[PDB]
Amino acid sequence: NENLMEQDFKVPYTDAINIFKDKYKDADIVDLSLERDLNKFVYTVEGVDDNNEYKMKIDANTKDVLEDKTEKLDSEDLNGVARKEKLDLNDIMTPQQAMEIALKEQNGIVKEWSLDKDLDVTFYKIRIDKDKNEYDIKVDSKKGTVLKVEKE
């Protein structure tokens, strides 16, 4: 099934964060998401340091590392500039809590969630499908406020 709300993930999102941080001790996380990939659910954790971007994919049930990728940053991102995109992950609500808030704004089926930051606000972005349409709901990761609803 594709409903993230009807799944239990043996690996909590905090464990995925910790696996990433343990491997790349100087990196800041800039993106985190959970999505279905065929018959697996997969966390993608992305971060940067002064020199590289790093991307890890982790099975959300088995904790297996499916991808671990380092790439040199572009010129315009080096020397800490990429780090400005870092997420504020302290004292945030759980993905479950964010998905429940989003579902009360827009019913349907939750297909994906991510954490992202713009304008200094770290938000959950919940992807919800209903009938023909796809909706992205942005929820403030601390306050629970619905920040934006967009029909994709």
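Numbering starts at 1 and follows the sequence shown.
Look at the C-alpha B-factors of 127 to 135 and of 18 to 26. On average they run higher in 127 to 135. As listed in the deposited structure, the average C-alpha B-factor of 46 to 54 and of 101 to 109 is greater for 101 to 109. Looking at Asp91, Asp59, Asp31, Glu67, the one whose CA carries the top B-factor in the deposited record is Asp91. Annotation for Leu38: CA B-factor lies in the highest third of the chain's modelled residues.
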